[PDB]
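One structure below.
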Amino acid sequence: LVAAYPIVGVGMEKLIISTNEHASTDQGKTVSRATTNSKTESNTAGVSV
Amino acid sequence: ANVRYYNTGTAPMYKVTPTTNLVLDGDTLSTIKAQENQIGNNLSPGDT
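Below is the structure:
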């Protein structure tokens with residue numbers, strides 16, 4: 293008169309999350325050297341009284 | 391992970407597939423059913 297029957301169900305214990313990023317670090321160094329030359333030429337003229 | 395099985399009792403068992411479970415501190419990382427790689431063909435009793 294009674295029935296043969298299962299009843300199941302779940303229950304959560306814990307929930308874990310996780311993120312999604314993208315990190316990076318950069319480091320650099322710079323070395324440089326230069327040189328310069330020049331040759332100029334000029335003229336002047338004037339009058340006083 | 392590196393792991394070996396064992397057996398105890400009376401009977402052998404063919405085509406074994408264990409389902410394993412990992413735990414760090416209260417949490418659960420993963421539970422894996424064995425794939426075709428780590429399947430085991432035979433286990434004579436009292437062996438590994």
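In order, the protein sequence lines correspond to chains F and D. Here the authors' numbering is used: the first residue of the first sequence is 293, the next is one more, and so on. Here the authors' numbering is used: the first residue of the second sequence is 391, the next is one more, and so on. Quick reminder that beta carbons are idealized off the backbone N, C-alpha and C, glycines included.
Start and end residues, beta strand (DSSP E) containing residue i
i                 : result
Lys-423 (chain D) : 421–423
Contact set for residue i: own chain, Cβ-Cβ below 6 Å, skip 5 residues either direction
i                 : result
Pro-408 (chain D) : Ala-424
Cutoff 8 Å: residue i Cβ touching any chain B Cβ
i                 : result
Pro-408 (chain D) : Of the protein chains in this structure, namely F and D, none is chain B.
Coil, strand or helix - residue i by DSSP
i                 : result
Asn-397 (chain D) : coil
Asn-392 (chain D) : coil
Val-406 (chain D) : strand
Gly-320 (chain F) : coil
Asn-411 (chain D) : strand
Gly-430 (chain D) : strand
Beta-carbon contacts of residue i that lie in its chain and below 7 Å, excluding the five residues immediately before and after
i                 : result
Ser-420 (chain D) : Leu-412
Nearest-angstrom beta carbon gap, residue j and residue i [assumed within contact, 8 Å]
i                 : j                 : result
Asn-397 (chain D) : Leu-433 (chain D) : 5 Å
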